[PDB]
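# Examining the three-dimensional arrangement
Listed below are the residues making up each chain.
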Amino acid sequence: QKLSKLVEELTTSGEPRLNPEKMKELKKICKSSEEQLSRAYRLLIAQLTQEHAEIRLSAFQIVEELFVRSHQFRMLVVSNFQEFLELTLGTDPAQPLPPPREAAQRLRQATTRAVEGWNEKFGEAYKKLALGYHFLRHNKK
Amino acid sequence: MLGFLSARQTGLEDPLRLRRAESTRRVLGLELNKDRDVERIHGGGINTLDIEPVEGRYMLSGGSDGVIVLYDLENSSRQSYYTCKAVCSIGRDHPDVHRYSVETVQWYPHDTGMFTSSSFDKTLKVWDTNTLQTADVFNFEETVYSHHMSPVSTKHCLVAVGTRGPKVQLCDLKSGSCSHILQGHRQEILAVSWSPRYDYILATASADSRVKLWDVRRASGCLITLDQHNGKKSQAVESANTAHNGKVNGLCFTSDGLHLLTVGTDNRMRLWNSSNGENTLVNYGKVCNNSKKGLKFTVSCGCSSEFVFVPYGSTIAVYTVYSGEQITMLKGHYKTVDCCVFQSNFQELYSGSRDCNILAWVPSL
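### Some remarks on the packing of aromatic side chains
All names here are of chain B. Between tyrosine 284 and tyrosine 319 the ring centres are 6.0 Å apart and the planes differ by 90 degrees, which places this aromatic pair in the edge-to-face class. Of the two residues, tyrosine 284 sits in the loop between strand 22 (268–273) and strand 23 (298–299) while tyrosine 319 sits in strand 25 (residues 315–320), which places them 35 residues apart along the sequence. Grouping aromatic residues by their ring pairs yields a cluster made of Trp107, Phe115 and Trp127.

Spelled out as structure tokens, the structure:
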């Protein structure tokens, strides 16, 4: 719906840059209804699973901004988020063989910095962020 | 439930009912407790955990980095949130610390004052818990995959040791005699387990896909060789009578000791009658293991129904032992899961994993 419209308007790689007005509109829409974000993750898995690395970066940034801002993606990324733990363990680490890793190295660095930020941003009881960061630092950063 | 409290109170049901039924209900509700944590001390993956059989207060933990950590599992703080603090630790600086991965660690049954730990440095070290000094060291010519002390032997104090050698070594802690060997396997013994029922019955599993039960008193070889089919494919035993179609890297007697659960790298678990090694044909579906070393898994105790908690890649798969129905898969680890251990007092599960974490699973509500 409108979630998909905003996802298309933002993830488009023809203008691959962070736009604040669209992101604040998405934040306000997600705050208006929690069900906006539960399908948004499904949209983001579309963008993470897409061929273009810029779309993956855009969907990662959208997920991060919804988790840190909307207060509805927080209840997806810091509660009922084993999907998020597995996507963190599969994104930076090697994709499970035979399927190899398809993201770009700049996207790997961006994910590393996002994990380092989220270690302190929301870690009141979610320590698997830090555990995954340590595993990366000792196995496939 | 209030029916259960009223039934207990009025004697309609034996209190055993409420205990066991509630214990089961608690097991089904196992969930990653973020209201409980275990202090991170291993630099490497946790290969083994052991909650002490008496009082279930302390846990040992053996790491791939060679350190043994000794945790206290009681919430001594008044908060509802606590971290199981590490009491002692055989650290990188201990003169007796293992040189390589600690592969097994075990409380001496009958007493918390002594525990034993075996490693890939080819040693089984006996420790005095209090002074935390080795009391004994058994050297093996080959790397130790697992050892096990009898949970039941008031009489003998043998440690069965499985190494990459094809032979099972019995180490008598009473006057130190590491000569006795059980012969009959052909490849590394990846798992050994004493019967919890019979004082001198030992089950040993090997990479040659065969599991043998021994009467170590006996001077005449294995009692039983577990056979997948029970005789449908029958051959003069030279290569047949394989428990699995891969390596058998895990053993666990059920609580009462009447059945044996084996997991092998054919991605199967089987349930065997420990008396005649007959296959009960419990299905269990597909159990992913590809562990190249021993796979430490446990059963529940004191519930209405018995459960088995098996590492399933990065998760703990919970199965009903006697029907095979998969209860659930507990998803909270990041890398493959190496060991899970069951706290029989409160239906709590601790699982170590290669990601240097020990996760507590406690029943919800």
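From this point, things continue past the structure.
### Things to note about the packing of helix 1 (residues 2–10) of chain B against helix 2 (residues 15–28) of chain B
Residues and elements named next belong to chain B. Orientation of helix 1 relative to helix 2, taken along the N-to-C sense of each, is 155 degrees, at an axis distance of 8 Å. On the basis of the axis angle, helix 1 is roughly antiparallel to helix 2. Each of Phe4, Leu5 and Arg8 in helix 1 lies in contact with helix 2, whose residues at this interface are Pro15, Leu18 and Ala21. Looking at the contact of helix 1 with helix 2 residue by residue, the classes come out as five nonpolar, no polar and one charged.

### Topic: the UniProt feature "repeat: WD" in chain B
All names here are of chain B. What UniProt calls "repeat: WD" maps, in this numbering, to residues 33–73, 88–129, 133–173, 177–216, 235–274, 281–321 and 325–363. Across residues 33–73, the secondary structure splits into 0% helix and 49% strand, with the terminal C-alpha atoms separated by 14 Å. Between the C-alpha atoms that bound residues 88–129 there is a distance of 9 Å. The span itself is 0% helix and 50% strand.

### So, the sheet that holds strand 7 (residues 86–90) of chain B
Residue and element names in this part refer to chain B. Strands sit in the order 3-4-5-7 across an open sheet of four strands; the sheet is antiparallel. Taken across any chain shown, the strands that pair with only one partner, and hence form the sheet edges, are strand 3 (46–51) and strand 7. Averaged over all neighbouring strand pairs, the angle between strand axes comes to 15 degrees, with direction disregarded. Pairing of strand 4 (residues 58–63) with strand 5 (residues 68–72), which is carried by five bridges, proceeds in the antiparallel orientation. In the strand pairing of strand 5, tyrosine 58 is matched with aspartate 72.

### Quick notes on the pattern of salt bridges
All names here are of chain B. Among the ionic pairs, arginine 25 bridges to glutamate 22, the shortest N-O distance being 2.6 Å. Taken together, the residues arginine 25 and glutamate 22, both in helix 2 and three residues apart, mark about one turn of the helix. Residue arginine 218 is joined to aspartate 215 by a salt bridge in which the shortest nitrogen-to-oxygen separation is 3.4 Å. A single salt-bridge network, built from bridges that share partners, covers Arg57, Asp72 and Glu74.

About the cut-offs
- Residues numbered from 1 in each chain as written, not as in the entry; some residues may be left out.
- Chains lettered and ligands numbered in written order.
- Part of a larger assembly, values for the part shown.
- Heavy atoms only, no water.
- Residues with missing side-chain atoms left out of burial classes, pairs and counts.
- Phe/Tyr/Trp six-rings, centres within 6.5 Å; stacked < 30°, edge-to-face > 60°.
- Helix = DSSP H or I, 4+ residues; strand = E, 2+ residues; numbered from the N terminus.
- Axes fitted to C-alpha atoms, helices over the stretch in contact; angles between N-to-C directions.
- Parallel < 35°, antiparallel > 145°, perpendicular 65-115°, else oblique.
- Contact = heavy atoms within 4.5 Å.
- Nonpolar A, V, L, I, M, F, W, Y, C, P; charged D, E, K, R; others polar.
- UniProt positions renumbered as here; feature names shortened; annotations may be inferred.
- Pairing = 2+ DSSP bridges.
- Salt bridge = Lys/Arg side-chain N within 4 Å of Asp/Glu carboxyl O.

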